[PDB]
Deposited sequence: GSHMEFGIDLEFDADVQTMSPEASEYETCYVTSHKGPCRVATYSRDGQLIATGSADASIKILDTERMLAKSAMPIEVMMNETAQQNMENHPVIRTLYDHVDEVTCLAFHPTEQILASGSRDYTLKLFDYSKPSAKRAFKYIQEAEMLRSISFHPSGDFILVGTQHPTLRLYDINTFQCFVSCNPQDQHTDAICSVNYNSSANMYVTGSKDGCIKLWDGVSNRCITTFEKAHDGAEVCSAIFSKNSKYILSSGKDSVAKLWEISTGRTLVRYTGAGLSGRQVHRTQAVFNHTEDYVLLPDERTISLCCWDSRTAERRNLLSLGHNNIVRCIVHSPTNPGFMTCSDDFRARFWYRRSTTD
């Protein structure tokens, strides 16, 4: 329960103090990873349509790749661990949402799947594990019941985004969720009602919003956009409190990448495409800290930080996923 609270000194290592502790390789670009809620496991997905499950303890220290799953026929684009069960939800450009039961080492295929109308872009498990939020290329957000496979949407169509959903995340308590879209909006949603509470328009000066997460206390949203700026928003007021600047480039549009907190939310981390390095700022002041050279031979499209530890995963178009940890 250590987190950012601007209403009321950091207590964790900068990004620059982390080192690569394990490298894994897919047969195509690796553009998604996710942490299990307990932080012990990481799943990686690739354009080679396969999924790896990785044990963080083995990576720190028997093969770290404890699972490989092959039940997609196109790039996997999103992943979410079931909060209580040994199940991984997977979303692909092959229009499917797959559920994998990974309790058995031998398991290769998914047990159930949802066939979708659009390519999946972002999923977020409800902390109960009974529901999954689904962002697709289509502007309207889907709530699926994991047990009945019925799908539900807000009763007010004006709530919806007006372009592809890029990210969906529940907050820590499930009373809210947050979406970011190609329409350049962040939307705050009621987790029970499933109505849109707030729309942050031109959240990143008109550019696509690539990622939006909550701070642990749910008082803030951290977002990033294709204006290559990370922002800390205060939900209560609807305003940007902190601007994390310095990343990006001139001349071409940047590819999609995440801005994350470290486990204590002392730092905001954003991969920079210009240098293949990780920008790191103090979260409270926006002070630029040391740049972390990532060692990737191409752009990092996905970064996920451990919820519990000073660990994170970087996913690259070089086909590789690098596990980072402050030893």
- prompt: Where does the model skip over parts of the deposited sequence?
  reply: 1 to 4, 13 to 16, 70 to 88, 355 to 358
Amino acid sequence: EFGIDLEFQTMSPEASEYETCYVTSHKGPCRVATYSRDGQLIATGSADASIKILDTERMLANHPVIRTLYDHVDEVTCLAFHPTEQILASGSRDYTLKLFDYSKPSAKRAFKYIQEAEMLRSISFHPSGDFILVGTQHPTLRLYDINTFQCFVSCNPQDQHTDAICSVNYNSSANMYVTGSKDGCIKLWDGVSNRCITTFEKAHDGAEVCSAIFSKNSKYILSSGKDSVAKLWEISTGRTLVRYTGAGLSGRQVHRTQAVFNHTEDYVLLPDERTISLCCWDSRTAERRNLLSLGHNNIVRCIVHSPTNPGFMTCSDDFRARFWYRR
From here on, numbers count along this sequence of modelled residues.
task: Determine, for stretches 100 to 108 and 179 to 187, which one has the higher mean CA B-factor as deposited.
output: 100 to 108
task: Could you settle it for me: does 243 to 251 or 150 to 158 have the higher average Cα B factor in the PDB entry?
output: 243 to 251
statement: Tertile call for residue 327 (CA temperature factor, within chain, third-based) is the highest
- prompt: Once the chain's modelled residues are ordered by C-alpha B factor and cut into thirds, is residue 166 in the lowest, middle or highest one?
  reply: middle
message: Quick check on the deposited entry: does the C-alpha B-factor of residue 28 sit in the lowest, middle or highest third of its chain?
response: middle
CA B-factor ranking of residue 16, expressed as a third of its chain: middle
field: For residue 39, the third of its chain into which the C-alpha B factor falls
entry: highest
